[PDB]
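Notes for the structure review
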Amino acid sequence: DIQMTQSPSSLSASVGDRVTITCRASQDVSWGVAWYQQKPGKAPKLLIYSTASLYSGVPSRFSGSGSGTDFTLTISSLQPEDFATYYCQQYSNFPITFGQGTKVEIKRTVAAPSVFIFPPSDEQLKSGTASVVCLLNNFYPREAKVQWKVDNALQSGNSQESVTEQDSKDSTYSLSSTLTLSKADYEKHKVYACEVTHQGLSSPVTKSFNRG
Amino acid sequence: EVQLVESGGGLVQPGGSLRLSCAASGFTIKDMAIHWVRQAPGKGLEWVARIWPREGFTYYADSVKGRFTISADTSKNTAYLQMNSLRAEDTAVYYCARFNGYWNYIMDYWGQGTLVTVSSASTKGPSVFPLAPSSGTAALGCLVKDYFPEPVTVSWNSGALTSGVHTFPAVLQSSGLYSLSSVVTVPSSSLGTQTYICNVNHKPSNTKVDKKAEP
Amino acid sequence: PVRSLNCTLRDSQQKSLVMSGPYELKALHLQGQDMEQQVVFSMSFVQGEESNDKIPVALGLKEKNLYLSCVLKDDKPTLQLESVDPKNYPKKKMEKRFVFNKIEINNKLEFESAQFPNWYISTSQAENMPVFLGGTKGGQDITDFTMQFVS
């Protein structure tokens, strides 16, 4: 079961410049290597087959090179529709094996997060739970810190984050953070606050609300 | 319009059976190999098996050898994956893909994938709860809470509103049910005059919910 | 009184040779009871130029009446399956078209045509494609083989 170690796992770069993804083989797989581009929630499509042959219809910025154990994918100059993940595969030895892939994320100008906080609805509080939601809208780069403060006390392991993909037009991330409490625990505190940190802000941005 | 179309996916009990099928349109499979490949939730691709339909030659990954059976009806232009003794580990999107060495068809066409969820957890429709602003542009949304399985769809004003819509990936909760939020950014001037309805569809539980996000 | 032993050939990426219709071999991965469909070669040791690591040899298929032969197509040496009188063959003194040099370059076998030097029994990278005669050793094809003895 020949491993296909792919690198780097995650890469970032700006439209028009060249990118190199690398792929290493645990043993000799001759020239039986292909490259696949997967847009999220979609079927992979073939770019390069037999190490370096370009599949019919593929833009000629896409290039493959390799030497028995070490294989490399090159794009000479990125264009709009190349926000994808890229996978290498060996098909010369069965079982066929893949690499863990490399996410190719298109870099833009740093963008500050716009922050909102939503208190729990009256409907949820009848069922016996409360979800406090914090939203970081439209930001770059991806790394961001969200802290929950309930009566100015830092919270741990009662909140989950979820992040969008890079937006169609403006290339920006959004983020939800969902603090979950009992009917009981939620009513015995007054102030709920959301602390945000990001390369686009001078200092930490806080949003907050009182139950009334 | 060369096409591989899959069907047969869905939610089954652990230790159960499910037959996937992969229909070819625009080519005959008689001189192609059909491979099955799977992608576990937030993981890479893993090769399952392949059949040469004409010759009947079959080949399985060691993790599925014995439990799964691949076959093909050349008269129906269709390939099959029979899965038995299902475990949570087999939960994935299953793709089928064609292979022909001579014509450089090196998994050049893939099916759209069919999600297979192996779980003992019952189906359950979401509860939808509005995200309203407390108090230039404002944000409202809806929290789609405690559903199973994936997936749900969210739309705003029955697709009419698309500008600045964000629907986040589902997080699995400790409870074993999924939760997500859809949010939209709109002008603050439009809040008392326009109504914002989120449309939640959970096809597995046959559940359609409409919820007003209201100041 | 020619020295012939029985065997199966496998390529360096672990493909087996099977019959693809009456006059062609293909190379593909076999698992389990598929593997009983692999072709058995009666390799008859024959007279010809014996240089350093090269042993002259011929390759027939157990009672199919077929030998592998190199012949020209479009002035290009080509692998072909050739039927022949079974009471005559196998022999020591055999037509150069049936004759291969069993080269052992690494700890692996090449098979160079005797009539067309620098042309080797080759497989593709993609499985279930023809066994062919290839003109390079330093190209993108598989010329390197393992043999497994059978009685």
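Residues numbered from 1 in each chain as written, not as in the entry; some residues may be left out. Chains lettered and ligands numbered in written order. Heavy atoms only, no water.

X-ray crystallography is the method the PDB entry lists for this structure, together with a resolution of 2.500 Å.

**What about the interface of chain B and chain A?**
Inclusion rule: Working rule for contacts: check all heavy atoms of both residues, and any pair within 4.5 Å makes them a contact. Each of two parts loses accessible area, computed with a 1.4 Å probe, when they are put together; buried area is these two losses added. A pair is scored as a salt bridge if a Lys or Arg side-chain nitrogen falls within 4 Å of a carboxyl oxygen belonging to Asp or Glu. Here a polar contact is recorded for every N or O atom pair within 3.5 Å, except that within protein the pair must consist of a potential hydrogen donor and a potential acceptor, and residues adjacent in sequence are included only if both atoms are side-chain atoms.
Counting residues at the interface gives 43 residues for chain B, matched by 38 residues for chain A. Here chain B and chain A share an interface that buries about 3,300 Å² over both sides, 67% of which is from carbon and sulfur atoms. Run the count over chain B and chain A and you get one salt bridge. With a closest N to O distance of 3.0 Å, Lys-211 of chain B and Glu-123 of chain A form a salt bridge. At the junction of chain B with chain A, the criterion picks out 10 residue pairs in polar contact.

**Some thoughts on the sheet that holds strand β8 (residues 78–83) of chain B**
Residue and element names in this part refer to chain B. Here is the rule: Here the rule is simple: two strands pair whenever DSSP picks up at least two bridges between them. Going along the chain from the N terminus, every DSSP run of H or I of four or more residues is numbered as a helix, and every run of E of two or more is numbered as a strand. As a rule, the C-alpha atoms of each element are fitted with a line to give its axis, helices using only the stretch in contact, and angles between N-to-C directions run from 0 to 180 degrees.
Taken together, four strands build an open sheet; the order of strands is β1-β3-β8-β7 and the sheet is antiparallel. At either end of the open sheet lies a strand with only one pairing partner, and these are β1 (3–7) and β7 (68–73). The sheet shows a mean angle of 20° between the axes of neighbouring strands, taken without regard to direction.

**Some remarks on the packing of aromatic side chains**
Pairs of aromatic rings are described using the distance from one ring centre to the other and the angle between the two planes. Filter applied, for reference: Classification of ring pairs rests on two measures: the distance between centres of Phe, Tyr or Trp rings, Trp counted by its six-membered ring, which must be within 6.5 Å, and the angle between planes, read as stacked under 30 degrees, edge-to-face over 60 and tilted in between. Here the term buried applies to any residue with accessible area under 20% of the maximum for its type, exposed to any over 50%, and partly exposed to those in between, with areas from a 1.4 Å probe on protein chains only.
What the rule picks out here adds up to 19 aromatic pairs over all chains. Ring plane angle 35° and centroid distance 6.0 Å describe the contact between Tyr-147 of chain B and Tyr-178 of chain B, whose orientation is recorded as tilted. In this pair, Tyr-147 of chain B sits in strand β13 (residues 137–147) while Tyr-178 of chain B sits in strand β17 (residues 178–187), placing the two residues 31 residues apart along the sequence. The burial state of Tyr-147 of chain B is the same as that of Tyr-178 of chain B; both residues are buried. Ring centres of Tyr-89 of chain C and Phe-98 of chain C lie 5.8 Å apart, and the angle between their planes is 70°; this geometry places the pair in the edge-to-face category. Summarising the burial analysis for this pair, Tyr-89 of chain C and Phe-98 of chain C share the class buried.

**Things to note about the pattern of salt bridges**
Applying the stated criterion to the full structure yields 21 salt bridges over all chains. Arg-61 of chain A is the salt-bridge partner of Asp-82 of chain A, the closest N and O atoms lying 2.5 Å from each other. Taken together, the residues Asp-82 of chain A in the loop between β8 (70–75) and β9 (84–90) and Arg-61 of chain A in the loop between β6 (53–54) and β7 (62–67) connect sequence positions 21 residues apart. Looking at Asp-82 of chain A, the relative accessible area reads 2%, which means it is buried. Here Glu-104 of chain C makes a salt bridge to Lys-102 of chain C, at a shortest N to O gap of 3.6 Å. Given a relative accessible area of 36%, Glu-104 of chain C falls into the partly exposed group. Looking at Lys-102 of chain C, the relative accessible area reads 9%, which means it is buried. Because the salt bridges share partners, they merge into one network encompassing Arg-38, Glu-46, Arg-67 and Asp-90 of chain B.

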